[PDB]
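Take a look at the structure set out below.
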Amino acid sequence: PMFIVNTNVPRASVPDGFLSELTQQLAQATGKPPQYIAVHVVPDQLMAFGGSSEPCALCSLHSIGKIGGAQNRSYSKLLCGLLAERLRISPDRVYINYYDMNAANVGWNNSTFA
Amino acid sequence: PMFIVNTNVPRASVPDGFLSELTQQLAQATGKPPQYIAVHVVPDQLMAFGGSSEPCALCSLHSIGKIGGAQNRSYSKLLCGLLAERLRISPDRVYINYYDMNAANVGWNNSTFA
Amino acid sequence: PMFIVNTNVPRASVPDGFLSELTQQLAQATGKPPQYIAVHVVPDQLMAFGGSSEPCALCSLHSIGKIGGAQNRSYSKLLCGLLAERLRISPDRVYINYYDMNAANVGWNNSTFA
Ligand SMILES: COCCOc1ccc2nc(-c3cn(-c4ccc(O)cc4)nn3)ccc2c1
């Protein structure tokens with residue numbers, strides 16, 4: 002799986018250990034080994050949410066399976082909780098796009114996961 | 002909705018009011034309430050379009066519905082027009098990917114929109 | 002087609018000619034004229050793959066058709082080979098998400114490809 006967060010929060014406000022924490026929490030939440038979890042944080046962005054430039058985050062989680070109605074609700078509680086706690090972004094200023102990827106449409110290690 | 006534009010145009014060439022104009026005009030075009038519209042501009046990017054590094058843009062628009070043949074043509078005209086007038090980017094050097102997201106696959110405020 | 006690579010490799014380790022090489026090789030692989038190929042490289046990113054900060058890349062390839070099992074395997078071998086040779090990224094530290102875009106869902110030059 003792959004989690005990306007884009008945010009206007011400054012680089013200095015991203016805690017040491019944030020990428021590791023996301024990796025571990027996502028490994029546990031998706032039930033996949035941490036070796037397959039990729040995380041990407043992009044601070045200092047020029048963005049707005051509802052016309053305001055207060056802290057916000059625009060995010061995506063891609064996974065081959067483990068994406069669905071209840072699971073996505075659970076990921077959203079988890080990830081909004083982490084963004085609130087670690088980056089001080091209000092949950093109602095977070096968007097997360099979830100993508101259930103077909104294995105044939107994910108490239109890795111010179112091939113795909115098909 | 003979520004609108005993102007990545008461009009090789011320098012930050013200094015992005016005018017004051019650009020995120021606000023995007024927010025307002027997308028609210029107009031999509032019908033969506035402006036308080037739920039998020040916008041993101043990423044200048045100074047290392048990119049080429051057709052092998053050339055003249056000004057260009059790669060964009061996305063994600064929305065729960067309001068995506069379709071006619072609506073996307075309307076959005077493209079609006080958005081290319083905005084990038085041409087505001088960023089001096091030729092419309093034939095812009096790509097916009099449109100995504101009709103299932104409400105269950107959009108996280109917000111500790112849950113999803115389903 | 003549009004190809005995006007996000008990487009923690011620093012800008013100075015991206016060799017001159019890289020965007021043109023991606024442009025030309027993707028034109029050949031997809032059987033599409035290079036005028037249609039857009040490429041975007043984003044170095045210096047804060048990212049981890051498997052909880053490690055060793056060089057890695059998170060990429061996407063969007064195309065209107067020419068996406069599928071065998072094609073995506075071929076694209077992956079091509080693109081991992083390029084990232085390994087040029088950016089010194091191990092192939093098993095690369096994810097490429099493939100998207101088969103519907104012509105109606107790609108904006109360009111004030112309209113869409115529909
Ligand atoms: C008085 O208004 C009551 C609330 O009405 C609405 C109507 C449409 C809405 N539409 C949305 C919405 C959010 N998106 C969306 C946002 C981000 C994204 O990555 C993908 C889709 N698309 N639509 C959210 C809240 C809404 C609330």
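In the order they appear, the protein sequences are chains W, H and E. Just so you know, the first sequence maps onto residues 2 to 115 in full-length UniProt numbering. Just so you know, the second sequence maps onto residues 2 to 115 in full-length UniProt numbering. Just so you know, the third sequence maps onto residues 2 to 115 in full-length UniProt numbering. Built from N, CA and C at the ideal position, the CB exists for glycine as well.
Classify residue i: buried if its beta carbon has 16 or more other beta carbons within 10 angstroms, exposed otherwise.
{"i": "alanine 39 of chain E", "result": "buried"}
{"i": "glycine 108 of chain H", "result": "buried"}
{"i": "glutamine 36 of chain E", "result": "exposed"}
{"i": "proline 11 of chain W", "result": "exposed"}
{"i": "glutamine 29 of chain H", "result": "exposed"}
{"i": "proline 34 of chain E", "result": "exposed"}
{"i": "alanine 71 of chain W", "result": "exposed"}
{"i": "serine 54 of chain E", "result": "exposed"}
{"i": "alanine 115 of chain E", "result": "exposed"}
{"i": "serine 61 of chain W", "result": "buried"}
Going by C-alpha to C-alpha distance, which of the options sits closest to residue i?
{"i": "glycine 32 of chain W", "options": "W:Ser53, W:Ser64, W:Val15, W:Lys78", "result": "W:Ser64"}
{"i": "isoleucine 5 of chain E", "options": "E:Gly66, E:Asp45, E:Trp109, E:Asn98", "result": "E:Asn98"}
{"i": "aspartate 17 of chain E", "options": "E:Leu88, E:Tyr100, E:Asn106, E:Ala105", "result": "E:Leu88"}
{"i": "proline 44 of chain H", "options": "H:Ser75, H:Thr8, H:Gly51", "result": "H:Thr8"}
{"i": "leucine 79 of chain H", "options": "H:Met3, H:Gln26, H:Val15", "result": "H:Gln26"}
{"i": "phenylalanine 19 of chain E", "options": "H:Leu47, H:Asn103, H:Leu23", "result": "H:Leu47"}
{"i": "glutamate 86 of chain W", "options": "W:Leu59, W:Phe50, W:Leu23", "result": "W:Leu23"}
{"i": "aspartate 93 of chain W", "options": "W:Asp101, W:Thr113, W:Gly66, W:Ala58", "result": "W:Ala58"}
{"i": "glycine 66 of chain E", "options": "E:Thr113, E:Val15, E:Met102", "result": "E:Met102"}
{"i": "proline 56 of chain H", "options": "H:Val42, H:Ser91, H:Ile68, H:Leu83", "result": "H:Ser91"}
{"i": "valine 42 of chain W", "options": "W:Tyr100, W:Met3, W:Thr113", "result": "W:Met3"}
Any beta-carbon of chain E closer than 8 Å to the one on residue i?
{"i": "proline 92 of chain H", "result": "yes"}
{"i": "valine 107 of chain W", "result": "yes"}
{"i": "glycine 66 of chain H", "result": "no"}
{"i": "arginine 89 of chain H", "result": "no"}
{"i": "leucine 20 of chain W", "result": "yes"}
{"i": "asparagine 73 of chain H", "result": "yes"}
{"i": "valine 95 of chain H", "result": "yes"}
Return no unless some Cβ of chain H is closer than 8 Å to the Cβ of residue i.
{"i": "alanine 13 of chain E", "result": "no"}
{"i": "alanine 39 of chain E", "result": "yes"}
{"i": "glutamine 46 of chain W", "result": "yes"}
{"i": "residue 158 of chain W", "result": "Nothing about residue 158 of chain W can be reported from this structure: the residues present for chain W run from 2 to 115 only."}
{"i": "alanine 49 of chain W", "result": "yes"}
{"i": "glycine 32 of chain W", "result": "no"}
Which residues share a DSSP beta bridge with residue i?
{"i": "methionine 48 of chain W", "result": "H:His41"}
{"i": "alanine 104 of chain H", "result": "DSSP output for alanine 104 of chain H lists no bridge partner at all."}
Using 8 Å as the limit for Cβ to Cβ distance, is residue i near chain W?
{"i": "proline 16 of chain H", "result": "no"}
{"i": "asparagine 110 of chain H", "result": "yes"}
{"i": "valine 42 of chain H", "result": "yes"}
{"i": "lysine 78 of chain E", "result": "yes"}
{"i": "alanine 58 of chain H", "result": "no"}
{"i": "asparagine 7 of chain E", "result": "yes"}
Look at the Cβ atom of residue i, then the Cβ atom of residue j, and state whether they are nearer than 8 Å.
{"i": "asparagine 111 of chain H", "j": "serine 77 of chain W", "result": "yes"}
{"i": "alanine 13 of chain W", "j": "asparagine 73 of chain E", "result": "no"}
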